[PDB]
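This report refers to the structure that appears directly beneath it.
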Amino acid sequence: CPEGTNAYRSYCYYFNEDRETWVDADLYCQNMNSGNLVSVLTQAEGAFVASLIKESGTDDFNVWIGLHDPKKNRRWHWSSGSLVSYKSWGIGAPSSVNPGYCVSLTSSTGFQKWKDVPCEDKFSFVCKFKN
């Protein structure tokens, strides 16, 4: 994987401290590497991604991942199109009361759990791409 990015099981990943909307972040991932916002497909991959973010030294609270609810009916999809083989919702997520339609990793959980937030929030983000 290229400098600045880290390999994990066939893919390359990187944390970008640029705060963007969920949409723009995902586009960034597509443009720079023909990747997407990270899909977290196993517990082990979530552990890897959490450690990647922590190693950066960031003090951010929320980091985008590629999960969103495109029809606002709480049917979640990865932007990369992967199946949802793994879920790691934090306490009280996803909210049915104040639903957000995009998903972030939360520093309060070591970036191991997810929270649904407004897609128009500007958070840092992790990209995942092949090669």
Side-chain angles (χ1 to χ4, degrees):
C1 294
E3 181 188 344
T5 74
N6 285 53
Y8 175 71
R9 302 222 205 234
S10 288
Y11 287 77
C12 307
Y13 297 74
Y14 60 86
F15 172 66
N16 193 150
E17 182 52 88
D18 188 13
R19 300 187 172 221
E20 320 257 61
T21 64
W22 188 91
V23 150
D24 288 345
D26 194 56
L27 252 39
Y28 179 98
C29 293
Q30 290 170 225
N31 287 338
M32 301 310 307
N33 310 91
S34 279
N36 270 110
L37 281 173
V38 60
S39 289
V40 181
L41 301 180
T42 59
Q43 185 172 107
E45 183 170 28
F48 171 77
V49 171
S51 96
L52 181 75
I53 295 171
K54 283 167 80 143
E55 271 173 38
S56 72
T58 189
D59 288 310
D60 284 6
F61 294 113
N62 291 289
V63 173
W64 288 131
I65 63 176
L67 200 63
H68 66 139
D69 174 355
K71 294 176 188 182
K72 309 195 191 56
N73 58 350
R74 319 317 270 156
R75 215 69 154 26
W76 295 97
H77 298 273
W78 291 111
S79 61
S80 68
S82 293
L83 299 184
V84 184
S85 42
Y86 173 70
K87 301 251 202 187
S88 199
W89 295 109
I91 303 149
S95 174
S96 52
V97 156
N98 299 136
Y101 301 111
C102 287
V103 180
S104 41
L105 298 174
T106 59
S107 57
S108 69
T109 64
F111 302 109
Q112 276 181 327
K113 304 217 133 280
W114 302 349
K115 179 172 72 195
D116 56 299
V117 290
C119 296
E120 39 285 321
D121 286 356
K122 294 226 203 229
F123 296 143
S124 54
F125 56 96
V126 175
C127 296
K128 170 186 188 176
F129 67 98
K130 199 118 217 171
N131 266 74

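All residue numbers in this chain count up from 1 along the given sequence.
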_Does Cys102 form a side-chain contact (heavy atoms from CB on, under 4.5 Å) with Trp64? I'd like the steps, not just the answer._
CA-CA 8 Å; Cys102 287; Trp64 288 131; 3.5 Å; yes
*Same cluster for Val84 and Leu41 if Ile/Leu/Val/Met/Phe/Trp/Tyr side chains link at under 4.5 Å?*
yes
_With a 6.0 Å cut-off (strictly less than), is the heavy-atom count around CD of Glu17, excluding the residue itself, greater than 12?_
yes
*What pair of heavy atoms forms the shortest contact from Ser104 to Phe123, and how long is it?*
OG-CE1, 4.1 Å
*To the nearest 0.5 Å, what is the distance between NZ (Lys128) and OG (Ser79)?*
10.0 Å
*Are any of the side-chain heavy atoms of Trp114 and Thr106 separated by less than 4.5 Å?*
no
_Nearest heavy atoms of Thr5 and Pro2, plus distance in Å_ = OG1-O, 2.7 Å
*asked:* Assess, by modelled atom type and distance only, whether the side chains of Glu45 and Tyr13 contain a donor and an acceptor separated by less than 3.5 Å.
replied: yes
_Closer than 3.5 angstrom, by distance alone: can the side chain of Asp26 be matched with the main-chain N or O of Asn36 as a donor-acceptor pair?_
no
_Could you go through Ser10 and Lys130, starting from their C-alpha distance and side-chain angles, then the distance that decides it, and tell me whether this counts as side-chain contact (heavy atoms from CB on, under 4.5 Å)?_
CA-CA 7 Å; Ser10 288; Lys130 199 118 217 171; 3.5 Å; yes
*Between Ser80 and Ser82, is any side-chain donor less than 3.5 angstrom from a side-chain acceptor?*
yes
*Report, as yes or no, whether the 6.0 Å neighbourhood of atom CZ on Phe61 holds more than 12 heavy atoms from other residues, nucleotides or ligands.*
no
_Single-linkage hydrophobic cluster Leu67~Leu52, side-chain heavy atoms < 4.5 angstrom_ = yes
*asked:* Suppose we call two aromatic rings close when their centres sit under 6.0 Å apart. Are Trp76 and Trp89 close by that rule?
replied: yes
*Working to the nearest 0.5 Å, report the span between CZ of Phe15 and OG of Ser124.*
3.5 Å
*Is there a donor-acceptor contact under 3.5 Å from the side chain of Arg74 to the main chain of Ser95?*
yes
_Checking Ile65 against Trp78 for the side-chain contact (heavy atoms from CB on, under 4.5 Å) test, could you report, in this order, the C-alpha distance in whole Å, the side-chain angles of both residues, the deciding distance, and whether it holds?_
CA-CA 9 Å; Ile65 63 176; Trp78 291 111; 3.8 Å; yes
*Give the minimum heavy-atom separation between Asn98 and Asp116, together with the two atoms involved.*
O-OD2, 3.9 Å
*Residue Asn131 excluded, over 12 heavy atoms near CG under 6.0 Å*: no
*Strictly by modelled atom types, are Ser88 and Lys113 linked by a side-chain donor-acceptor pair under 3.5 Å?*
yes
*According to a 4.5 Å side-chain heavy-atom criterion applied to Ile, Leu, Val, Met, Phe, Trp and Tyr, with indirect links allowed, do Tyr14 and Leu105 form part of one hydrophobic cluster?*
no
*Starting from the C-alpha separation in whole Å, work towards a yes-or-no answer on salt bridge (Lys or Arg N to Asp or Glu O under 4.0 Å) for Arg19 and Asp121.*
CA-CA 9 Å; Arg19 300 187 172 221; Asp121 286 356; over 6 Å; no
*In terms of heavy-atom contacts, does NZ of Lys54 have more than 12 from other residues, nucleotides or ligands at under 6.0 Å?*
no
*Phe129-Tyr11 co-clustered via ILVMFWY side chain contacts under 4.5 Å*: no
